[PDB]
């Protein structure tokens, strides 16, 4: 009758699944942001020079 | 006497809670960073043009 | 014979460990990205002024 433990496992599994998905999305978005940062930095270095 | 399992559940629950909180904070900070990137890109596109 | 529960715990522990590691790496990378954003913004503010 100790199925309290299994219900909790099911809850943690579910939470963990959402976390995993969130993480993947945050990694993708950050990879893109970092590339934009890198590009911007390089554009700026140039503008600085042409002045 | 197999309460070893429940202690472990409690540990994972706790770990998961900190992860969730961390994720939320990282999402907020990234959303802000991305907007700054977007703004910067647009400012730069202009400077490039006015030169 | 209900060792099904322990195997699941072991799986969640393992998943959680990878998540934790991923999070740490994403936090580091974001901290760096944000600093680059901050720098870029300030470089740009200046260029805007010198024009």
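Chains as they are written, first to last, in UniProt numbering: chain Z, 8 to 58; chain D, 8 to 58; chain L, 8 to 58.
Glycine residues also receive a C-beta, built at the ideal position from the N, C-alpha and C atoms.
query	result
I need the boundaries of the alpha helix (DSSP H) containing residue 39/L, first residue and last residue.	11 to 56
Would you tell me roughly how many angstroms separate the C-alpha atoms of residue 30/Z and residue 40/Z, rounded to the nearest one?	15 Å
Please classify residue 16/L: is it buried, with 16 or more other beta-carbons within 10 angstroms of its beta-carbon, or exposed?	buried
Closer than 8 Å between beta carbons: that is the criterion. Which residues of the segment 18 to 36 of chain D meet it against chain L?	19, 22, 23, 26, 29, 30, 33 and 36
When you compare only the Cα positions, how much space is there between residue 5/D and residue 49/D?	The question about residue 5/D has no answer here: the residues shown for chain D are numbered 8 through 58.
Within 7 Å (strictly less), CB to CB, does residue 15/Z reach chain D?	yes
Closest to residue 52/D by C-alpha separation, out of 56/Z, 47/Z and 32/Z, would be which residue?	47/Z
In whole angstroms, what separates the C-alpha of residue 38/D from that of residue 14/Z?	34 Å
Listing by chain order, which chain L residues have their CB less than 9 Å from the CB of residue 41/Z?	36, 37, 39, 40 and 43
Would you kindly check if the distance between the Cβ of residue 26/D and the Cβ of residue 26/L is under 7 Å?	yes
For a contact meaning CB atoms closer than 7 Å, what does residue 55/Z contact in chain D?	What residue 55/Z touches in chain D: nothing, since even the nearest Cβ is about 10 Å away.
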